[PDB]
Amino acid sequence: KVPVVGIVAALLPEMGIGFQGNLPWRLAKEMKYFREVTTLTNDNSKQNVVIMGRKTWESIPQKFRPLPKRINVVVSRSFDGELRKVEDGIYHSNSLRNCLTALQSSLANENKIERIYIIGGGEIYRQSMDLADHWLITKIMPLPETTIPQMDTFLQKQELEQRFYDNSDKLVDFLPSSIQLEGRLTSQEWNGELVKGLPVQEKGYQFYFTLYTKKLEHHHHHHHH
C-alpha cells in the first residue's frame, strides 16, 4: 500500500551503475535529483524510506550518512531482525523482503511513510525487479568526445524490460509536486534505442530522467478463503 520505487543512475547501452565500489561518474545535477526525489514528499508530515545494501552504505561518505530527512535502512545478512533501530535515522535488516513487509505495516508505520525508495546497489537491485512498483532510472550517455568510463556492476535491463514499460510520459506527475526540472520531455534515438524523459547535460554526459512502470497483468488467480 505504499509505493516501492527503485531509483538508479545507469549508463547506456549496458546500464552500467558502478565500478570498484563507487559510482563511475560524479554528476552534481544527477545527485540533486536523487536527493530531492527521495527527500521530498507530497505530504509534509511524512518521510520516505531509503533502503540500501551494506556495500552501498559503506560507500557513502561518512559525513553524509545516514542520508538526511529520510528513514535509512541498511540490509546485511549478518544483521539481526527484519527491522531494528540501531541509531537515530538508522535501521538494520537481515532481509530485503521481510524489511519491506515490516515497512508496509500500517501499525508500525502509522501511515507516515510516503514511499519506499530502493537506492542500490547491484545485488539489491537484482532482487528488486519483482518487488518494485516503478523504476526511476536516470539514463546516462557519454557525449561524442567523452570517454566511456569502466564499470563492473549492471542493472538487469533484460529483466527490466520484461516486467516494466517506459512510462516517462507520466514522470512529471509522478514526482513530488514541489520538484522543479530544467528540461521538457524529449524522445531521442541513441545507438539504436529510444530514450525518452527529461534532458540534462553536465560534464561529458547527457542524461534523461525516466520512469518505468509495471506492465499490465492478466488475472490468473485471486486467493479465496
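The first residue of the shown sequence is 1; numbering continues from there.
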Of 114 to 122 and 76 to 84, the stretch with the higher mean C-alpha B-factor in the deposited entry is 76 to 84
Mean Cα B-factor check, 42 to 50 vs 178 to 186, entry values; winner is 178 to 186
Scanning 155, 108, 96, 151 for peak Cα temperature factor in the entry gives 108
Reading the B-factor column for Cα atoms of 63, 70, 35, 55, the highest value belongs to 63
Tertile call for residue 136 (CA temperature factor, within chain, third-based) is the lowest
The third of the chain into which the C-alpha temperature factor of residue 166 falls is the lowest
